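The chain below stands alone, shown as structure tokens; this is the form deposited in one PDB entry.
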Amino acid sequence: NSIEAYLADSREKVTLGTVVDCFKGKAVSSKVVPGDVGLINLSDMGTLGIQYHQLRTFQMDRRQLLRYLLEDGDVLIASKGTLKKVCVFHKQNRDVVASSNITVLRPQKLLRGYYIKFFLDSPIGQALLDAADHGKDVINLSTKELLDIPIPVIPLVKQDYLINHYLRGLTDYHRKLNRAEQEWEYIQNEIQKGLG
């Protein structure tokens, strides 16, 4: 009922497919040799973002890499798993690619990666994502229906503004969390000494 009303919203809205280039990621085996190309899995896709600090690494390059290569802005959506998850890749020091359990959306025109993330995480965004899900107590996301999810269009300035509000708050959150931890590790070191 909420999707009907959104589709009748009368809001200038594009289709995700109209504006993005979409490709699923390299399916690799768990038992490969570690290497230089890092690999984002459903478990590397964190709450406050992609945990690039614990990425499984593998070693496959050349023109193979060039098609699976994650670029700054790409929208990693969870195509498979328990929890549907939308994450935005940030250019890492290394080359990085996604698993095949992740649909990659490269925003090309009109929409910003983070604004697609904001829309998709909304109650309606989730509803549209669940339309695309044809799993039984598991996720299986129709790459085609996904690309058929409409997204409201607003200017790139009101987009880049809300991203900055969001990114400002998140860097704040990380400043607060890392302090609290350094302070907790200091208390922990008080104990260690305490038994010394």
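Just count from 1 along the sequence shown to find any residue number. Only residues modelled in both forms are compared. Heads up, when I say rigid core I mean the largest set of C-alphas that superpose within 1.5 Å between the two forms.
Although not depicted, the form deposited in another entry is the subject of the following passage.
Once both forms are fitted on their rigid core, the CA atom of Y173 lies less than 2 Å apart between the shown form and the other one. If you fit the rigid core between the shown form and the other one, you'll see the Cα of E183 move by 2 angstroms or more. Every Cα shifting by 2 Å or more, across three or more consecutive residues, marks a moved region; comparing between the shown form and the other one on the rigid core, the sole such region is 180-195.
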